[PDB]
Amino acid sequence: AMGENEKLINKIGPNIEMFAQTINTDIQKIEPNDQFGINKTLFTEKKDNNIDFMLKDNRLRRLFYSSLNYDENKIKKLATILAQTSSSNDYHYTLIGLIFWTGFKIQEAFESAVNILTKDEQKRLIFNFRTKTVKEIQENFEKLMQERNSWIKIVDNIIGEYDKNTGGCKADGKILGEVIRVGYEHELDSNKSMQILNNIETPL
């Protein structure tokens, strides 16, 4: 029981320590005055609740940045792409909001798992839990990591469509909104990360 539990925890222990260090670093970073383009001069206030949350809350912005490994070039590029979108019915504002929400909620759920799985809690799992339960928690943490990386890949791919001028989207923000919607809206779903986190939290 104890021997098997230790092996499972060792699959994720080193990674959790590294993530905890990198999350701390990110929290300490000073945000540029222009917020990487995520500001009210490029995104109209009072159009979408999630856009508004991003405009109002530096903590949510920091979560969003960390969801993309604080890759400043990638963040800026996505922000400038999203700022070009348009639509006849303001649907694009909902989609922009969905993108922001998806990033900060996945990162938030991920950070909650890292924060819960302290070295003390890892020790508690090895000593006190059935191996079936430890394996489930360990595999769930890895699933949460994958959700995070699939999100990063969605963003890479959206940027990819813009770079490729898919459907002529470089020259037309309405087409851009539709390309992003058709290509990626179905894939944007932070609820899965929330479910995985719940499955980690419950046994604990």
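Sequential numbering from 1, following the sequence displayed.
Averaged over Cα atoms, the B-factor as recorded in the entry is higher for 37-45 than for the other of 144-152 and 37-45. Looking at 11-19 and 178-186 together, the entry lists the larger mean B-factor for 11-19, computed on C-alpha atoms. Of the candidates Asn73, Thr133, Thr102, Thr80, it is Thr133 whose Cα B-factor is highest according to the PDB record. Annotation for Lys119: CA B-factor lies in the highest third of the chain's modelled residues.
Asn69 sits in the lowest third of its chain by CA B factor, as recorded in the PDB entry.
Among all modelled residues in this chain, the alpha-carbon of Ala171 has a temperature factor (C-alpha) in the highest third. Remark: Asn157 belongs to the lowest third of its chain, ranked by C-alpha B-factor as recorded. Per the PDB record, residue ranking by Cα B-factor puts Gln138 in the middle third of the chain.
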